[PDB]
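S.K.: Here's a structure for you.
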Amino acid sequence: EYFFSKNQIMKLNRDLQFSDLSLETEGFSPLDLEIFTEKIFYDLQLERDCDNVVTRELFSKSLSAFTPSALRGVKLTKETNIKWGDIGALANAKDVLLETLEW
Amino acid sequence: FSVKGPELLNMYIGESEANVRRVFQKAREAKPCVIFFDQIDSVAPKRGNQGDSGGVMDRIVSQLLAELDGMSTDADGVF
Amino acid sequence: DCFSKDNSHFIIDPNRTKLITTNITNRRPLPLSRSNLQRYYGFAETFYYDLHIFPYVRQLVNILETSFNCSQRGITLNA
């Protein structure tokens, strides 16, 4: 709420409240946020040529395509794209994995 | 690409594990490539036998099992 | 001079013109979309990308043109 006010005169539309967005940005450190706000402002400005300063969908359209400033290293294997519906069997092991790691 | 028998094996502790990875990396650079492990015996002996010493032959074969197949593999043209 | 009645267009004569210069001015270049200077002067032409096809160049051009257009918005958004 500070950042969006300080950087440029602009606001989040009435469609959403800042608490949701706070929920959306798990683990984002303050410099990362300074980067992220600028990213969103750029995406709004010309990547969409609309004459407006409000956003609801751009976050979902760009947050995923973002790397948290401190979060790079050994690159996560997010490209394997294996769904647990592809594994099928191994219930005895699936459930213990899901409860220990996922839940 | 020719793997001249036990070419990979090396003096030090970890440079064999660097040589294997370098070989696979360079091959992966040119997608339509072949790897010819000539006399695989010298490089991939049975893991964890009692009649063997040093253990590096186990580390190297494990590294093979890892990098050759592993996970996140794509652009399978590497025969 | 005595011909001050008009100043729209004039000739320069080496028998009367001398080389005098002031400090460095500034002005915008000519956008490629309007005039291909290299083409005219036979220079080593920069490759003419086509934004409709090449993905990545569009991102760069968009960023730079955004920073260009924000001049009249007048904020330090440059990245």
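In the structure tokens, the first chain shown is A, the next is B, and so on; residue numbers restart at 1 for each chain, and ligands run from 1 in the order shown.
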Could you list the residues in chain B lying within 10 Å of chain A, using only C-alpha atoms, and format the result as a ChimeraX atom specification?

M.R.: /B:71-74

S.K.: Would you pick out the contacts of residue 30 (chain B) at 10 Å or less, using only C-alpha atoms, so that residues sharing its chain but fewer than 4 positions from it are not included, and give the list as a PyMOL selection string?

M.R.: chain B and resi 25-26+34+77-78

S.K.: Once you have the residues from the selection above, write them out as a PDB file, in the first residue's frame, restricted to N, CA and C atoms.

M.R.:
ATOM      1  N   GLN B  25      27.513 -32.437 -20.615  1.00  0.00           N
ATOM      2  CA  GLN B  25      27.193 -31.042 -20.918  1.00  0.00           C
ATOM      3  C   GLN B  25      27.554 -30.675 -22.353  1.00  0.00           C
ATOM      4  N   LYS B  26      28.793 -30.966 -22.758  1.00  0.00           N
ATOM      5  CA  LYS B  26      29.218 -30.631 -24.112  1.00  0.00           C
ATOM      6  C   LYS B  26      28.382 -31.383 -25.136  1.00  0.00           C
ATOM      7  N   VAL B  34      25.842 -38.402 -30.289  1.00  0.00           N
ATOM      8  CA  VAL B  34      25.944 -39.792 -29.864  1.00  0.00           C
ATOM      9  C   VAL B  34      27.081 -39.933 -28.861  1.00  0.00           C
ATOM     10  N   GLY B  77      17.335 -36.325 -28.003  1.00  0.00           N
ATOM     11  CA  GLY B  77      18.178 -36.688 -29.127  1.00  0.00           C
ATOM     12  C   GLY B  77      19.561 -37.208 -28.785  1.00  0.00           C
ATOM     13  N   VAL B  78      19.991 -37.050 -27.536  1.00  0.00           N
ATOM     14  CA  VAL B  78      21.283 -37.573 -27.102  1.00  0.00           C
ATOM     15  C   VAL B  78      21.242 -39.100 -26.996  1.00  0.00           C
TER      16      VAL B  78
END

S.K.: Determine which residues of chain A sit within 10 Å of chain C, taking into account only C-alpha atoms, and present them as an MDAnalysis selection string.

M.R.: chainID A and resid 7:8 35 38:39 41:43 45:47

S.K.: Per DSSP on the backbone, filter region 37-87 of chain A down to the residues in alpha helix (DSSP H) and report them as a ChimeraX atom specification.

M.R.: /A:37-42,58-62,84-87

S.K.: So how far away is CA of residue 34 (chain A) from CA of residue 4 (chain A), in Å?

M.R.: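 If I compute the distance from CA of residue 4 (chain A) to CA of residue 34 (chain A), I get 9.5 Å.
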
S.K.: Name the residues in contact with residue 9 (chain A) at a cut-off of 12 Å, using only C-alpha atoms, excluding same-chain residues fewer than 2 positions from it; report them as a ChimeraX atom specification.

M.R.: /A:1-7,11-12,41,52-54 /C:73-75

S.K.: Where does region 30-50 of chain B meet region 7-18 of chain B within 12 Å, residue by residue, with the nearest atom pair and distance in Å to one decimal for each, counting only C-alpha atoms, listed by chain and rising number, as CSV?

M.R.:
residue,atom,partner,partner_atom,distance
B:36,CA,B:7,CA,11.9
B:37,CA,B:7,CA,10.0
B:38,CA,B:7,CA,10.1
B:39,CA,B:7,CA,10.9
B:40,CA,B:7,CA,10.9
B:42,CA,B:7,CA,9.3
B:43,CA,B:9,CA,7.7
B:44,CA,B:9,CA,11.0

S.K.: Quick one: write out the picked residues with C-alpha atoms as a PDB file, in the first residue's frame?

M.R.:
ATOM      1  CA  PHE B  36      29.932 -44.307 -27.536  1.00  0.00           C
ATOM      2  CA  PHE B  37      30.845 -45.987 -24.234  1.00  0.00           C
ATOM      3  CA  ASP B  38      33.396 -48.454 -25.601  1.00  0.00           C
ATOM      4  CA  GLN B  39      34.041 -51.302 -23.133  1.00  0.00           C
ATOM      5  CA  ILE B  40      31.578 -50.089 -20.508  1.00  0.00           C
ATOM      6  CA  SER B  42      36.017 -50.403 -17.208  1.00  0.00           C
ATOM      7  CA  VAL B  43      33.719 -47.557 -16.130  1.00  0.00           C
ATOM      8  CA  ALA B  44      30.469 -49.078 -14.757  1.00  0.00           C
TER       9      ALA B  44
END

S.K.: Could you work out how far CA of residue 72 (chain A) lies from CA of residue 23 (chain A), giving the answer in Å with one decimal?

M.R.: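 It comes out at 21.6 Å.
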
S.K.: DSSP on the backbone: what in chain B comes out strand (DSSP E or B), as a ChimeraX atom specification?

M.R.: /B:2-3,36-37

S.K.: Nearest residue to residue 62 (chain B) out of B:28, B:4, B:47, B:22, using only C-alpha atoms?

M.R.: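 Smallest separation from residue 62 (chain B) among the options: B:47.
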